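One chain follows as C-alpha cells, the form deposited in one PDB entry.
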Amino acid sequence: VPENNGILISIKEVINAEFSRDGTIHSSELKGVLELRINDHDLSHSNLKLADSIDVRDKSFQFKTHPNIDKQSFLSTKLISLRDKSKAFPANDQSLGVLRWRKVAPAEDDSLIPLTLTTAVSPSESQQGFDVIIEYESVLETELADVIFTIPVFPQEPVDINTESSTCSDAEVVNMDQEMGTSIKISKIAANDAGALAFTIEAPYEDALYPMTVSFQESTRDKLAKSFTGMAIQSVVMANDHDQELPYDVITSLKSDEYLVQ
C-alpha cells in the first residue's frame, strides 16, 4: 500500500500476451483502471485533467467512466469530474476506481507488448531432457526486477542453469513444485535491453515444456509518469475553480497476467 500525502492517483495496467514457440505474436490484451485516493477533506472537491497526449474519444480503448463521473466532460475536456457539480469524492483514503479501459491487438502486432519472447529447444547430453534458450527484449524505459519464468515440468533431477549463455547469470531456480512447475528468477531485465536465459531441464518430450509463462511488474511514482499505453495526469484542480491547482502524486504500474509462450 503506497503512502498518500493528500491525493494519490494510481494508473494500473495489466497486460496479457501470447506467443508461439518461435516468438510470433498470437494476441494481446491490455486492461487499465485509474484509481483515486484522497485522505484530506479539503482536497476531495476536485477534478483531474488527463494528459494532452491521451485520446479519450479513441474507441479502441472503450473508456468507461464511473456512473457518478460526468461522461460528457471527460469526452470534451479530458476532465474527471462529478455529475453533481457540488458533490465531493470520499476523503476516507479508499481506492476509488473512476476510469477503466481495455485494448487488444491481433497476431503479429507488438504495440501492446512490453517484453517480447522467443524460445529454442534442442536435446541435452547432461540430463534426460532439453537445452532451453529463452530470448527476451524489454521495450520499457525502467528496469524489470525479479522476472520469473515458469516451465510446467516438475523434474526428478534438479535444473541446471547454463551460467555461460544467460545474460543475467546470477539467475537461479527458486522453486520446483508438483503442480506449479519450475520457476527461474532473473534479477534484472534492463530498460530497452535484449537478454537470454539458457538452461537445461528434464522433460519426457518437447511439448511438455509448454506453456512457458513469465511473471513481471513495473511500478513508478512521479507526477509526470506515463502508463504503458500513454495514460497520464496533466493537473488536478479545485472543482469550483480550474485555475486553483492542487498537490498530488501519481503511481503508474504494469503487471503481467496471462503472459506466455506455447
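Only residues modelled in both forms are compared. Start at 1 with the first residue shown and count on from there. Definition used throughout: the rigid core is the maximal C-alpha set that superposes within 1.5 Å between two forms.
Heads up, the form deposited in another entry isn't pictured, but that's what we're talking about next.
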{"item": "Displaced position between this form and the one not shown, chosen from 176, 98, 171, 113 (C-alpha, 2 Å or more, rigid core)", "value": "176"}
{"item": "Direction of Cα pair change residue 176-residue 148 in that other deposited form, magnitude 3 angstroms or more", "value": "closer"}
{"item": "Cα-Cα trend for residue 255 and residue 177, given that in that other deposited form the distance shifts by 3 Å or more", "value": "closer"}
{"item": "Large-shift segments between this form and the one not shown, meaning 3+ residue runs whose Cα move 2 Å or more when the rigid core is superposed", "value": "168-170, 175-179"}
